[PDB]
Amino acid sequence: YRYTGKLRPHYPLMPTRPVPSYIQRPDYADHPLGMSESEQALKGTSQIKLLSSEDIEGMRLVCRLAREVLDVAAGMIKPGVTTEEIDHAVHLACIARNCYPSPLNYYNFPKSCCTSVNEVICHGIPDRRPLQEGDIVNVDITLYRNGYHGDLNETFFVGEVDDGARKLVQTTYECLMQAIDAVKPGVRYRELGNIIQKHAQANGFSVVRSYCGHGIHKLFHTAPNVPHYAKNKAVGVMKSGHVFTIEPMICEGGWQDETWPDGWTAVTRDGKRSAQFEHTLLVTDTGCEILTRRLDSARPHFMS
């Protein structure tokens, strides 16, 4: 395998971390290949759940707890900290909140969060590599509580970064917030990628095509499929009571991705950097609510 950039996997991985049996588990947690029978059944259906008041309470809760976990991770980002150390802290934080860390054994993913450095687009595997000054790193959190999944991510700066890194991360966060600003009943899911690509292109960046936003609730990934690029052919119209993610991945060079031999880590084919942000959204009569919002701070972590 020809690595596309400087980054390499740093093995061995610490042994798999267990989740106490007192924590409720999603179906895939105990499937040998990590398959979700509940997802595979609804595969091919493009209808979107209208959440009950009860489902909404369940999503507010898990999304609040997932934000608390991301904030734990954010406090650890500096040179010399390994991504495995971040994951271990995340895993304990989930357990402390009576939550299962959704990524763990999702299609056999080996860790409890995804940590994506520099040319990693998404799904990076926490490992023994110490973070270096100048790195950008995304931590992607998803929790499972009382039957509901809540999903968010942010990109962080590792010490001082270059102007390029600042512009990439800022634009990506802007792409996400412009998409969010367009969400309200009667907007087509396919329109969000028009707004995202328009802002990325204006700043000289490209938009990943291979990975999309998703419906989330009782399933980790379900309808709708939410592409981040322009002139996609997503099916569906937003209605009050729909929950889904927007999670744009923006690249310094081309949009093309490829996967490492580990089967998970997605990287730019050109080796240039990629950044990502994600929120879980509830569509309301007036617009949308950001379920994974910060409660105690106006801005994302990179802004400080």
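Residue indices: 1-based, along the sequence shown. Superpose the two forms; the largest set of C-alphas matching within 1.5 Å is the rigid core.
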property: Segment of greater CA departure in 5 other deposited structures of this protein, 37-45 or 268-276, core superposed; result: 37-45
property: 278-286 or 15-23, whichever carries the higher mean Cα B-factor; result: 15-23
property: Of 95-103 and 194-202, the one with larger mean CA B-factor; result: 194-202
property: Per the PDB entry, maximal CA B factor within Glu133, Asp151, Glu84, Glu119; result: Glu133
property: Residue with highest C-alpha B-factor in the PDB entry, from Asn138, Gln170, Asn232, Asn108; result: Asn232
property: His123 - Cα temperature factor, lowest/middle/highest third of chain; result: lowest
property: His217 by Cα B-factor - lowest, middle or highest third of the modelled chain; result: middle
property: Third assignment of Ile250 from its chain's C-alpha B-factors; result: middle
property: Assigned third (lowest, middle, highest) for the C-alpha B factor of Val243; result: lowest
property: Third of chain Cα B-factors occupied by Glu68; result: lowest
